[PDB]
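Accompanying notes for the structure given below.
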Amino acid sequence: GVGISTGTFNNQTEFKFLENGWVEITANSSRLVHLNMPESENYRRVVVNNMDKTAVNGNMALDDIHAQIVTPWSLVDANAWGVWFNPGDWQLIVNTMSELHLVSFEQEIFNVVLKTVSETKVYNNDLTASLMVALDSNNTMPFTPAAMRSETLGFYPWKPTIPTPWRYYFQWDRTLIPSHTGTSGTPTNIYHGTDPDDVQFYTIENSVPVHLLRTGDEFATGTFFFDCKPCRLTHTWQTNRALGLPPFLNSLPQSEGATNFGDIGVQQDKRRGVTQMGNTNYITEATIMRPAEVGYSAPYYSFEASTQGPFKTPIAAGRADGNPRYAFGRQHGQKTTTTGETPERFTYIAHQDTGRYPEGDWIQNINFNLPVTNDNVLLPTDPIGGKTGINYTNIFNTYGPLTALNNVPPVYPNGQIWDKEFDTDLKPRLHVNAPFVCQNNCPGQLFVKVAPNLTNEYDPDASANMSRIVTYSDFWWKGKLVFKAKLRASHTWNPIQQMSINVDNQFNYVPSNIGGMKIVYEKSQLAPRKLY
Amino acid sequence: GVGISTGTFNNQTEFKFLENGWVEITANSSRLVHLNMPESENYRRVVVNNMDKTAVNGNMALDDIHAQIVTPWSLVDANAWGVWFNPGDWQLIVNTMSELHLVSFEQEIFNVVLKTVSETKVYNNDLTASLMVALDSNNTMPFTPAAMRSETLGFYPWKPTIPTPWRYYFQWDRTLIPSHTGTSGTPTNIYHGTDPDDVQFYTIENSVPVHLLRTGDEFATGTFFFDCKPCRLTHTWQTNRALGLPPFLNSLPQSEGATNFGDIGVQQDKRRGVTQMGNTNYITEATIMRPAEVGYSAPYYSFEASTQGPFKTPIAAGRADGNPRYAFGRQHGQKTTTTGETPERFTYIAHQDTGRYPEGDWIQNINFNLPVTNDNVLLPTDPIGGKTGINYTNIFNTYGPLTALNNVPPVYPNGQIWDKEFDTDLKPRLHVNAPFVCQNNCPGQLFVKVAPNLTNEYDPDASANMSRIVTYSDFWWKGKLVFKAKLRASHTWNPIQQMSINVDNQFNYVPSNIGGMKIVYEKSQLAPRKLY
Amino acid sequence: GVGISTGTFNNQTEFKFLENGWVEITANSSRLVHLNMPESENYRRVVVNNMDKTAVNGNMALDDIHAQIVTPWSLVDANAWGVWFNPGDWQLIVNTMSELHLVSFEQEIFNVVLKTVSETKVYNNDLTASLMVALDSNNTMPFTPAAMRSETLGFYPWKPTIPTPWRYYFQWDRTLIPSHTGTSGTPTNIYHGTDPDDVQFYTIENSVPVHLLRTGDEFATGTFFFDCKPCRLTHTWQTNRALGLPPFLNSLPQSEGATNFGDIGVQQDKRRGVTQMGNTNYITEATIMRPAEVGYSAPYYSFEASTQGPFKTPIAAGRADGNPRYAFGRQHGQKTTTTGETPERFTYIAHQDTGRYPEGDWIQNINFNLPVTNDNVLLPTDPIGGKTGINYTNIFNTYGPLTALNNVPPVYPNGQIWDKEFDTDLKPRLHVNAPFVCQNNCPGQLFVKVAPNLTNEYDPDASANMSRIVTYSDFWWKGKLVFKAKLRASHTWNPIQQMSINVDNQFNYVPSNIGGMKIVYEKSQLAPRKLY
């Protein structure tokens with residue numbers, strides 16, 4: 001009946017140790033989730049069109065034109081690290097573990113409460129009303145990770161949280177020709193509507209069964225199981241210069257200090273080795289044949305425009321370009337006592353040295369007369385197409401068979417845990433948004449809604465919105481995400497980098513006078529790893 | 001369902017008589033515990049700083065500076081004697097039983113009722129809301145015995161009671177250089193913040209499971225089992241002067257009265273026996289060797305300072321130095337019909353003679369010429385450091401390998417029953433606050449809270465505190481605390497001191513005209529026992 | 001056979017993971033040890049008498065007068081942390097473990113080579129000479145921890161080492177009456193000789209069976225197994241002021257910032273609680289009855305005289321006094337390429353707050369009037385004995401039955417691992433120099449010597465010392481030490497302090513331009529632990 005509890009609340013992280021240095025990290029999590037009824041029971045097709053902003057020349061990158069189907073449902077999304085680990089648990093993981101697997105995931109909605117607002121205000125229990133709950137176990141609906149809009153569940157167990165009102169992308173065609181300031185024409189900036197071939201109008205009611213939980217009942221998902229390749233909590237320092245055997249230092253220093261450098265004792269054009277610039281006798285530090293290329297140069301800040309308008313091309317690793325800029329509100333790390341709509345932001349400068357420094361690059365003629373003349377060398381200071389501010393590195397691309405990369409690091413507390421693989425025939429090698437990629441299916445999105453409490457005056461043949469007795473739900477969500485992780489080993493003599501509390505960062509991890517609480521970014525990959 | 005009770009109030013105590021002179025005393029205690037919702041859901045960090053009162057010189061001992069983590073949860077603490085035994089039961093224990101063991105302890109919360117307040121006031125039941133209940137079975141939370149503040153459950157079975165709002169100490173660093181009145185200038189009274197090395201921030205949600213009871217189901221703790229050493233309900237009178245064989249008396253008195261003393265026959269330098277004064281022939285009751293020292297002189301009213309500011313050095317046995325002074329409110333013994341904030345107070349003058357009388361002490365020179373001259377004896381009339389008010393016994397310690405001591409007596413009704421042993425590598429001989437001390441684990445602290453009963457207006461991103469439906473709960477708590485105790489035997493001819501109702505103390509044990517009740521303090525070690 | 005190798009070098013650390021969160025840590029250590037022949041074969045009794053330095057008044061603590069037996073043997077001592085663990089392994093231990101047991105120890109000598117020098121210098125193999133090796137399995141000889149003098153095996157595997165020449169204390173009687181500068185005359189400073197009742201002359205030749213290893217043979221000390229209680233790698237932040245339930249705060253702060261404190265609502269004389277002060281109604285955080293006493297005050301820089309001369313009385317834990325100060329050489333952590341004789345030094349400021357701050361002490365009269373008048377309070381500024389520098393806290397001792405204490409922390413690399421328990425009938429609670437103390441037996445000391453290669457001219461009747469063929473030995477030593485440690489768990493929300501490499505300490509842990517090395521000290525007890 002009504003008065004019997006339908007479950008329990010758990011936010012314990014349990015570390016169970018196993019054979020051979022493995023640990024099973026059972027990250028229990030639980031939250032009180034609050035849900036108002038939808039603005040309308042209908043599905044809407046809404047077009048956003050900021051021609052007011054993009055019609056100003058030069059503001060082409062501020063295009064927000066898109067079409068979306070607004071759904072009368074809300075999504076309970078736990079796909080962010082902050083939902084699962086408090087910072088001490090994260091410290092234990094990143095300091096102690098080396099590689100990290102994702103094992104299982106399960107959810108439960110329980111202790112549903114429904115309450116109506118009446119008349120001053122009087123709140124009364126709707127013991128007869130129901131909470132509609134759907135689990136897209138078959139991945140029928142379009143996938144939408146809430147982390148990329150900072151819309152996941154909250155990161156504090158003691159604060160209630162809300163689900164995101166769900167929406168998905170309808171198809172549209174849009175063209176936006178680039179223009180700079182002072183072009184003095186009108187660029188073609190128009191919206192073409194929808195290709196009829198590519199129309200899709202999903203609905204929760206047709207796609208998936210819906211359970212009508214009243215108050216004394218509980219919903220439990222199955223125990224999902226992943227098959228992902230490992231994430232690694234260790235970074236690589238070795239660029240191309242670091243791979244392989246250094247040259248023999250024939251003349252070592254005889255006294256201490258920084259000024260006493262060591263010298264290679266043989267002329268550069270009578271050294272012994274192998275090089276790929278075959279016409280050149282010089283075997284330098286920079287020209288000797290390495291096995292492969294670590295990382296790749298990319299055309300940074302370039303936009304392709306498919307039919308759906310311009311978009312920034314992704315970059316695998318940063319030096320700046322590449323390093324993501326997470327921005328988030330008060331559920332998700334900002335000081336909860338802050339006043340204002342301005343979000344807190346950080347750029348995650350990853351530890352991995354896989355990236356590039358474009359100002360050091362250059363191209364030069366095949367003849368390779370080493371005291372290069374200006375005509376024989378193309379430098380980052382040189383213009384392309386007459387534009388002083390654009391140089392060749394902005395358009396350059398060195399991706400090739402010899403390129404070697406690392407998967408993107410975890411980004412606690414805001415970043416994703418998992419993402420689903422593309423449905424394409426040829427599939428991307430790495431996802432820039434999440435470390436683990438579900439290979440063939442991913443956890444079903446859990447959609448939640450409060451059923452219509454109709455008024456006695458309702459008449460479906462009338463055109464106006466149906467009068468609904470105002471009702472809202474509070475319900476408890478429980479989740480259990482299991483990881484399998486390997487404890488590290490101290491291969492090297494020296495101590496490694498480790499996450500630590502210090503005088504500077506102390507008060508980020510304890511509340512203020514008035515319960516002001518925050519969570520700060522903590523770097524996931526700390527220990528160096530021998531790439532070669 | 002809703003309408004079915006889930007437990008029986010029981011405040012009896014059985015005395016079950018086992019073979020071989022042991023009684024299993026089962027104490028049951030039941031209380032209606034009333035719980036308002038917390039002032040704020042967020043964990044707060046609050047520093048208290050009475051610089052204003054400690055900056056005036058001489059007020060060093062009034063130092064109240066501390067930091068604490070004010071917590072939404074409230075604690076149900078039953079660790080006091082008055083919760084379990086009434087004066088009649090306590091009489092039957094102390095008057096008849098020589099030693100007392102703890103056996104087991106268990107708790108049950110039952111018959112939860114949740115109610116909501118709406119503005120005149122109308123009180124309505126909320127069958128959907130839930131009491132949040134958590135048990136720290138693992139003792140992972142910081143231990144907080146409520147008896148030291150007199151915030152335990154109430155000691156009357158009929159009155160309802162309230163649980164203590166929970167809080168625990170945080171790190172802080174402080175220096176308070178002392179100063180008498182008339183000091184030239186201000187001492188360094190300053191607060192240094194918190195060491196990052198020492199930060200521990202605990203939360204119930206991340207540490208222990210939590211149960212969302214609602215109105216219809218119970219929470220029950222398994223039978224915890226103690227292993228503590230016996231508390232002995234009998235006191236020792238024998239000072240060093242009363243250990244061993246008294247001297248032989250040659251001239252016994254021949255008539256009655258106090259004037260007719262008996263005399264030892266032979267001169268003090270011609271007596272026989274063992275002294276521990278190698279250069280002295282006088283054998284006297286002060287000088288004759290004894291097996292060991294009962295009790296120890298300790299530096300009385302010595303305040304001692306750590307990183308966290310000054311504190312009193314505790315003392316194991318009092319004579320009024322050392323003897324504990326309890327201040328307590330109307331839940332816990334004061335006459336309930338009295339007005340005013342002012343607590344009732346007693347000082348527990350224990351029977352046992354393990355204490356000291358500092359004004360009688362003295363130290364004299366090794367040479368030990370008998371009628372000791374002024375220069376050769378240091379008396380308690382003599383000033384250390386020129387301070388007339390501070391004689392040597394204030395600065396004096398005689399703890400040693402020969403010190404013998406008793407455990408602290410039980411104090412009824414306010415004294416603690418059990419206490420947790422320290423996680424130090426070297427553990428103290430006794431705790432001055434409770435007779436029994438848990439060797440390896442102690443009963444789990446029971447935390448309670450009422451869930452956030454939100455309103456429709458809630459937005460987690462809003463800076464202001466969440467709007468909550470004003471909720472309170474009453475839940476019946478039932479405890480069962482089992483002891484095992486040994487019946488005494490009459491070894492002496494003479495009868496022993498006993499607790500008794502008399503014309504003076506009569507009306508302390510029955511209610512007043514308007515139903516006021518009190519519980520006076522009762523002495524727990526009445527029968528004398530043989531030390532040697 | 002001469003040429004067959006007799007062992008294998010091993011300096012690896014294996015971290016082997018057991019059930020239930022235990023890690024078996026197998027530290028292997030291997031060294032080359034160089035042993036010249038003794039200066040003379042005879043046992044020598046030598047007395048050191050530095051009257052030239054201590055006859056100057058005030059040079060009392062510079063007393064070095066002692067007697068010792070200078071023994072031809074040399075001791076191979078591995079009893080120090082740096083012999084076994086490098087900084088990376090120690091980082092893993094301190095950052096990831098919680099308690100650390102000590103399991104077993106074994107030793108080996110292998111690949112012995114003997115050589116002789118003939119006059120330019122010619123080096124010739126001594127195929128027939130032998131190295132005397134003696135294990136004192138029964139501990140007949142006095143235990144002699146070389147780490148006290150910083151003469152253990154060196155901490156670098158790739159650098160040879162030399163063993164300490166063995167010596168032990170003979171008995172001597174001494175009196176040194178102290179004096180200050182400007183004392184009237186030369187005080188008693190005399191060497192009395194030796195008490196015949198206490199004479200003990202030990203020879204390795206008579207007390208242990210001596211093995212003779214030529215070149216093709218080994219000696220393997222079988223596995224000794226310890227039974228020591230665990231060392232804890234966590235530190236206790238709570239002092240007495242932070243034990244128990246904090247006082248309830250009525251005036252919670254309503255705005256951010258350190259300058260907005262909370263306040264207790266109730267006046268100090270109307271405040272509920274318990275105090276060990278029978279005549280004081282003021283309950284305050286200094287006076288409230290804590291369970292026991294964490295730490296203790298001791299007479300700081302007190303020197304005490306035995307039969308054999310003055311010595312520093314030791315202190316269990318420091319704030320300064322009590323904190324150990326190490327002086328160590330090139331083998332044991334100093335920059336190996338430094339010129340000069342001066343040792344490198346550090347003072348190990350342990351993280352535990354069990355120490356005292358003597359400037360905050362005060363003692364006040366039993367009446368306890370609050371604005372204390374000068375006569376009624378003794379401060380650390382007041383003179384005692386008429387001396388202005390010495391104050392009462394130099395004499396004071398707070399040690400009592402209520403004292404709780406922590407064991408000595410590990411000090412990496414120069415501190416001991418184990419030490420032998422004293423043979424006294426009552427044994428100390430702790431040792432100030434090793435974390436583990438062997439309960440009944442401790443691993444045997446290994447004494448090494450190169451046997452005499454006599455010349456043909458030898459005659460025992462000759463007055464002069466014998467003639468020897470100048471010879472020395474190099475032998476490879478290997479040892480294995482096994483620990484059993486428990487991995488930590490993240491109880492707190494907040495991260496803990498952790499050992500890390502950073503820009504300040506980066507070049508401490510890696511070799512220099514001309515191959516220098518150092519080992520900087522590293523703190524053991526990092527993570528906080530709760531007492532109560």
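Here's how to read the names in the structure tokens: chain A, B, ... by the order shown, residue numbers from 1 in each chain, ligand numbers from 1 in the order shown.
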Quick check: residues of chain C within 6 Å of chain A, only C-alpha atoms, returned as a tab-separated table (two decimals) with N, CA and C atoms, in the first residue's frame.
chain	number	residue	atom	x	y	z
C	17	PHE	N	49.20	-8.83	-4.29
C	17	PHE	CA	47.89	-8.47	-3.78
C	17	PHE	C	47.17	-9.71	-3.28
C	21	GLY	N	41.91	-6.93	0.61
C	21	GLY	CA	42.56	-5.64	0.65
C	21	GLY	C	43.94	-5.60	1.25
C	87	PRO	N	62.31	6.05	-3.50
C	87	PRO	CA	61.22	7.03	-3.30
C	87	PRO	C	59.92	6.70	-4.00
C	88	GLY	N	59.94	6.05	-5.16
C	88	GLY	CA	58.68	5.70	-5.81
C	88	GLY	C	57.90	4.67	-5.03
C	89	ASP	N	58.60	3.63	-4.56
C	89	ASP	CA	57.94	2.60	-3.78
C	89	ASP	C	57.42	3.16	-2.47
C	256	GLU	N	28.44	34.87	3.82
C	256	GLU	CA	29.70	34.21	3.51
C	256	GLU	C	30.87	34.94	4.16
C	490	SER	N	38.40	5.63	1.04
C	490	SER	CA	38.11	7.06	1.01
C	490	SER	C	36.86	7.38	1.82
C	493	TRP	N	34.57	12.96	2.23
C	493	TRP	CA	34.29	13.65	0.98
C	493	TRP	C	35.58	14.18	0.37
C	494	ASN	N	36.41	14.79	1.19
C	494	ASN	CA	37.52	15.58	0.69
C	494	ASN	C	38.73	14.72	0.37
C	495	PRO	N	39.59	15.14	-0.55
C	495	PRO	CA	40.83	14.41	-0.75
C	495	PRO	C	41.78	14.60	0.42
C	496	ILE	N	42.74	13.68	0.52
C	496	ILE	CA	43.73	13.70	1.59
C	496	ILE	C	45.04	14.28	1.08
C	497	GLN	N	45.92	14.66	1.99
C	497	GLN	CA	47.26	15.09	1.60
C	497	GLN	C	48.05	13.89	1.10
C	498	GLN	N	48.77	14.10	0.00
C	498	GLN	CA	49.49	13.03	-0.68
C	498	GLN	C	50.87	13.49	-1.07
C	500	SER	N	53.87	13.90	-3.57
C	500	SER	CA	53.84	14.21	-4.98
C	500	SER	C	55.16	14.81	-5.40
C	501	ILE	N	55.48	14.66	-6.67
C	501	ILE	CA	56.54	15.42	-7.30
C	501	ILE	C	55.96	16.74	-7.78
C	509	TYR	N	64.93	13.99	-7.04
C	509	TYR	CA	64.76	12.56	-7.22
C	509	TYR	C	65.44	11.98	-8.46
C	513	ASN	N	74.19	16.25	-13.38
C	513	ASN	CA	74.93	16.28	-14.63
C	513	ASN	C	76.14	15.35	-14.60
Spatial neighbours of residue 341 (chain B), max dist 9 Å, only C-alpha atoms, sep filter under 2 positions, as a PyMOL selection string: (chain B and resi 329+339+343) or (chain C and resi 266+270-271)
Quick one: residues within 7 Å of residue 213 (chain B), only C-alpha atoms, excluding same-chain residues fewer than 2 positions away - as a list in words?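 The residues that qualify are residues 5 of chain A; 130, 131, 132, 211, 215, 217 and 218 of chain B.
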Quick one: pull the distance between CA of residue 362 (chain C) and CA of residue 303 (chain B), Å, one decimal.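 Going from CA of residue 362 (chain C) over to CA of residue 303 (chain B), I get 5.3 Å.
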What lies within 6 Å of region 158-166 of chain B using only C-alpha atoms, ignoring chain neighbours under 5 positions off, as a list in words? residues 32, 33, 34, 71, 73, 74, 75, 76 and 151 of chain B
Store the residues picked out above in a file with N, CA and C atoms, as a compact mmCIF listing (two decimals), in the first residue's frame.
# COMPACT_ATOMS: atom_id res chain seq x y z
N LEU B 32 8.74 8.36 22.80
CA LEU B 32 8.21 9.05 21.62
C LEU B 32 9.13 10.20 21.29
N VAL B 33 9.82 10.09 20.17
CA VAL B 33 10.84 11.04 19.76
C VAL B 33 10.23 11.95 18.71
N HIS B 34 10.28 13.26 18.95
CA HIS B 34 9.68 14.28 18.10
C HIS B 34 10.77 15.01 17.34
N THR B 71 25.15 19.90 10.66
CA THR B 71 24.67 18.83 9.83
C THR B 71 23.15 18.79 9.85
N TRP B 73 21.26 16.21 9.90
CA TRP B 73 20.78 15.04 10.61
C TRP B 73 20.70 15.30 12.11
N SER B 74 19.90 14.49 12.77
CA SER B 74 19.79 14.46 14.22
C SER B 74 20.07 13.06 14.72
N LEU B 75 20.61 12.97 15.93
CA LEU B 75 21.13 11.73 16.49
C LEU B 75 20.25 11.31 17.65
N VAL B 76 19.90 10.03 17.69
CA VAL B 76 19.24 9.42 18.84
C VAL B 76 20.33 8.73 19.65
N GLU B 151 22.31 16.04 26.13
CA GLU B 151 21.41 15.99 24.99
C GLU B 151 21.03 14.56 24.63
Quick check, in Å to one decimal: how far apart do CA of residue 220 (chain B) and CA of residue 9 (chain B) lie? 14.4 Å
What separates CA of residue 398 (chain C) and CA of residue 320 (chain B) is a distance of 19.6 Å
Which residues, written as a PyMOL selection string, have at least one atom at most 12 Å from region 464-471 of chain A, with only C-alpha atoms counted and residues fewer than 2 positions away on the same chain left out? (chain A and resi 34-42+113-119+121-131+449-462+473-474) or (chain B and resi 455-457)
Non-local contacts of residue 231 (chain A) (8 Å; only C-alpha atoms; under 2 positions in same chain excluded) as a CSV table (one decimal) with C-alpha atoms, in the first residue's frame:
chain,number,residue,atom,x,y,z
A,99,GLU,CA,43.6,1.3,-16.2
A,100,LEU,CA,39.9,1.4,-15.8
A,101,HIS,CA,37.1,-0.8,-17.2
A,229,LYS,CA,38.0,-1.3,-24.3
A,233,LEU,CA,44.5,6.9,-16.1
A,407,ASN,CA,41.9,8.4,-26.1
A,435,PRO,CA,36.4,7.8,-22.7
A,436,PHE,CA,34.3,4.7,-23.1
Identify all residues of region 192-366 of chain C in strand (DSSP E or B) (DSSP on the backbone) and supply them as JSON, numbers by chain. {"C": [192, 193, 211, 212, 213, 219, 220, 221, 222, 223, 224, 225, 231, 232, 234, 235, 236, 251, 262, 263, 273, 274, 275, 276, 277, 288, 293, 294, 303, 304, 305, 306, 309, 310, 311, 312, 325, 326, 327, 328, 344, 345, 346, 347, 362, 363, 364]}
Quick one: residues within 10 Å of residue 267 (chain C), only C-alpha atoms, excluding same-chain residues fewer than 5 positions away - as a list in words?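 My list of contacting residues is residues 341 and 342 of chain B; 272, 282, 283 and 284 of chain C.
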Would you mind exporting N, CA, C and O atoms of the selected residues as a compact mmCIF listing (two decimals), in the first residue's frame?
# COMPACT_ATOMS: atom_id res chain seq x y z
N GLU B 341 16.08 29.44 32.38
CA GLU B 341 17.10 28.70 31.64
C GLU B 341 18.05 27.94 32.55
O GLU B 341 18.69 26.99 32.10
N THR B 342 18.16 28.34 33.81
CA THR B 342 19.28 27.96 34.65
C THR B 342 19.27 26.46 34.93
O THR B 342 18.28 25.97 35.48
N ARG C 272 24.59 23.93 29.71
CA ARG C 272 24.49 22.55 30.13
C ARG C 272 25.73 21.78 29.70
O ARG C 272 26.31 22.03 28.64
N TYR C 282 31.11 27.54 35.43
CA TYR C 282 31.38 27.91 34.05
C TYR C 282 31.74 26.68 33.25
O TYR C 282 32.78 26.06 33.49
N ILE C 283 30.88 26.32 32.30
CA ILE C 283 31.14 25.25 31.34
C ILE C 283 31.57 25.93 30.05
O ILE C 283 30.86 26.80 29.52
N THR C 284 32.72 25.52 29.54
CA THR C 284 33.33 26.12 28.37
C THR C 284 34.23 25.06 27.76
O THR C 284 34.55 24.06 28.41
Taking the DSSP assignment computed from this structure's backbone, write out as a list in words all residues of region 145-258 of chain A that belong to helix (DSSP H, G or I).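 Listing helix (DSSP H, G or I) positions across region 145-258 of chain A yields residues 146, 147, 148, 149, 196, 197, 198, 204, 205, 206, 207, 240, 241 and 242 of chain A.
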